[PDB]
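Next comes just one chain, in structure tokens: the form deposited without this ligand.
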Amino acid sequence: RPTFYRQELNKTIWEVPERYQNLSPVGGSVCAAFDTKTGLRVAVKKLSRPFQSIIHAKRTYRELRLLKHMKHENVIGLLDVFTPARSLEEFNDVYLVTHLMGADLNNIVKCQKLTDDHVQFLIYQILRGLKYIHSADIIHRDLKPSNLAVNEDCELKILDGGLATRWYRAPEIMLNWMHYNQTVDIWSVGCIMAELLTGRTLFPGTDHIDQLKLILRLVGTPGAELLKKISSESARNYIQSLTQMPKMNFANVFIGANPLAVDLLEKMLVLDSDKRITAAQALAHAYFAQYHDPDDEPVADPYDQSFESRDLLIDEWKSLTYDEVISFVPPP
């Protein structure tokens, strides 16, 4: 058990091992710091109010559980996990530690003008991660350009993968729809890609209903085929109210962009989550011909998420977590 300094950063206080030095605020709370033990730069995240509510406490175990599982180049994982306390009784803090990344993808579309080859590498990467994630039966639900960490290199990893702007949500999340599927991430990836290629937000909706309008001026109103599946004597309904729309040509909507890419968008941005192309499929798409390599798009171990499915007490969750903290084996 390592020696910990203590120091205060802004209002938040910080209690970490000496192997990390230079703690430096990037944004619970994140600091950039130097890992003497490996001499690589890292991100230390101090979880906010870990075991406040049951809703926090479970959320804590979830985050630790996921991060412990994520072993994949395109997906944030755990270098170190640590608590200052010793024995169960003191335990009320959790700092998570990963490879520092230092820019997110929203400060890229706001810097650069990006090449087609850029979106290529970048989107491939997103789908590389996605696909490992989906293979564990986890669904992101919030992919958006601020959950994608990119380092100076143009390397990218997926942040917050399975913890949870309306702009990147599949329509089926904006219609609640309590029980959908993994292709919701695909919709987002479309929204991200479109914007990477064009420099403007695809669907900058002002609220939840404006957004289903914006989506519709593009992908068009649903065929009686899809309409039937909307669970409503009237939640339905509510769509057909709003005028009937031409499905626009992605080709013009997206003039100038590589037509491989545009064909790819036509398949991600499909109103019907059954006809939405999967992660593993979209990587076999020509757009990624440069990068693709079947024998290098790895799946994940199966992920145990029955825990999700049950009501424990604060005391029961903080205990399980602590089990997770001390049971932690670091990588290579």
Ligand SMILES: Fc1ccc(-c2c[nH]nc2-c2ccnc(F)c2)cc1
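Numbering starts at 1 and follows the sequence shown.
Enquirer: How much of the deposited sequence is absent from the coordinates between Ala164 and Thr165: none, 1 to 3, 4 to 9, or 10 or more residues?
Expert: Unmodelled stretch: 10 or more residues.
Enquirer: Deposited residues absent from the coordinates between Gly27 and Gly28, none, 1 to 3, 4 to 9, or 10 or more?
Expert: The entry has 4 to 9 unmodelled residues between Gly27 and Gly28.
Enquirer: When the Cα temperature factors in the entry are averaged, is it 49-57 or 261-269 that ends up higher?
Expert: So the stretch with the higher mean C-alpha B-factor is 49-57.
Enquirer: Could you settle it for me: does 188-196 or 104-112 have the higher average Cα B factor in the PDB entry?
Expert: According to the PDB entry, the answer is 104-112.
Enquirer: For the C-alpha B-factor as written in the entry, point me to the maximum among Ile239, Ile215, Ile133, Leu79.
Expert: Highest C-alpha B-factor among the listed residues goes to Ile239.
Enquirer: Quick one: which of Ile123, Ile209, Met245, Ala149 has the biggest Cα B-factor according to the entry?
Expert: Highest C-alpha B-factor among the listed options: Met245.
Enquirer: If you rank every modelled residue in this chain by C-alpha B factor, which third holds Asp311: lowest, middle or highest?
Expert: Middle third by C-alpha B-factor.
Enquirer: Lowest, middle or highest third: where is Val97 by C-alpha B factor in its chain?
Expert: According to the entry, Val97 has a C-alpha B-factor in the chain's lowest third.
Enquirer: Comparing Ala235 with the other modelled residues of its chain, is its CA B-factor in the lowest, middle or highest third?
Expert: Highest third.
Enquirer: Among the modelled residues of this chain, does the Cα B factor of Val325 put it in the lowest, middle or highest third?
Expert: Lowest third, going by the recorded CA B-factors of the chain.
Enquirer: Quick check on the deposited entry: does the C-alpha B-factor of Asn74 sit in the lowest, middle or highest third of its chain?
Expert: According to the entry, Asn74 has a C-alpha B-factor in the chain's lowest third.
One more form of this protein, solved in complex with this ligand, exists but is not displayed; see below.
Enquirer: Give me the residue from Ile239, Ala261, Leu202, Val253 that has a heavy atom within 4.5 Å of this ligand in the bound PDB entry.
Expert: Going through each option in turn, the one that passes is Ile239.
Enquirer: Using the partner position in the bound PDB entry, report whether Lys229 sits within 4.5 Å of this ligand, counting heavy atoms only.
Expert: Output for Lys229 is yes: heavy atoms within 4.5 Å of this ligand.
Enquirer: Closest heavy atom of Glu172 to this ligand in the bound PDB entry, within 4.5 Å or not?
Expert: Yes - in the bound PDB entry, heavy atoms of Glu172 and this ligand come within 4.5 Å of each other.
Enquirer: Classify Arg276 as contacting or not contacting this ligand in the bound PDB entry by the rule of any non-hydrogen atom within 4.5 angstroms, answering yes or no.
Expert: Judged by the heavy-atom cut-off of 4.5 Å, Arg276 is in contact with this ligand in the bound PDB entry.
Enquirer: Hey, in the bound PDB entry, does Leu216 get a heavy atom within 4.5 angstroms of this ligand?
Expert: Contact with this ligand, yes.
Enquirer: Honest question, do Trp177, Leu212 and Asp272 all end up within 4.5 Å of this ligand in the bound PDB entry by heavy atom distance?
Expert: Affirmative, all three are within 4.5 Å.
Enquirer: In the bound PDB entry, which residues of 310-332 put a heavy atom within 4.5 Å of this ligand?
Expert: Not one residue comes within 4.5 Å of the partner.
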